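Q: Structure provided below as structure tokens; questions to follow.
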Amino acid sequence: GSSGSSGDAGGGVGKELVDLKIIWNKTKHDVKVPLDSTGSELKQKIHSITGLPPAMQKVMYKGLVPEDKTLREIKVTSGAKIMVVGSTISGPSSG
């Protein structure tokens with residue numbers, strides 16, 4: 001009998017999403033996000049994982065993170081630590 005197959009070949013591909021560590025309390029979630037992500041997106045980028053509100057979030061990586069500038073602008077690289085605050089999840093009322 002015996003059976004099996006596999007393939008992997010293409011070309012190009014510059015730089016894919018950047019690997020970031022979602023630091024919160026004591027967790028490490030490896031998420032791949034584009035550097036084109038605005039410093040503001042991070043919030044929604046973290047909330048999308050942390051599940052917590054951004055208003056109660058603390059986006060700070062070895063320095064304040066501007067929302068007017070993207071990661072690639074705020075100076076981010078593959079392996080950029082991201083600290084977050086919070087404890088008890090919380091959702092909105094209206095939305």
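Throughout, read-outs are computed from the coordinates displayed, never taken from laboratory work. Cβ atoms come from the backbone with ideal geometry, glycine included; neighbour counts cover every protein chain shown.
Q: For the chain, take N as its residue count and report Rg(C-alpha) divided by 2.2 N^0.38 Å. Show your work: numbers first, answer last.
A: Working: Rg = 17.2 Å, N = 95, 2.2 N^0.38 = 12.4 Å.
Expressed relative to 2.2 N^0.38 Å, the Cα Rg reads 1.38.
Q: Using the 10 angstrom Cβ neighbour count as an exposure proxy, how do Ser90, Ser6 rank, fewest first? The partial results should precede the final answer.
A: On the way: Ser90 11, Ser6 4.
Listing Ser90, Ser6 from fewest to most nearby Cβ atoms yields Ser6, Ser90.
Q: Relative to the longest principal axis of the chain, what angle (0 to 90°, nearest 10) does the C-alpha long axis of helix 39-50 take?
A: 80 degrees
Q: For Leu17, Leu64, what ranking results if the residue with the fewest other Cβ atoms within 10 Å of its Cβ goes first? Show your work: numbers first, answer last.
A: Values: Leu17 13, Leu64 9.
In order of increasing Cβ crowding within 10 Å: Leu64, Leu17.
Q: What longest region of the chain stays clear of trypsin sites (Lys or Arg not before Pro) that DSSP places outside H, G, I, E and B and that have at most 15 other Cβ atoms within 10 Å?
A: 27-57
Q: A further question on this structure: Before rounding to the nearest 500, sum -39500 (n - 2.57) across all DSSP H runs of length at least 4 in the chain and divide by the residue total; then give [θ] at 222 nm in deg cm²/dmol.
A: On the way: 2 runs with 16 residues, N = 95.
Estimated from H runs of four or more residues: -4500 deg cm²/dmol.
Q: Measure off 7 Å from each Cα along the Cα-to-Cβ vector at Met60 and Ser87, then give the distance between these two points in nanometres to one decimal.
A: Between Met60 and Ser87, the simple spin-label model gives 1.8 nm.
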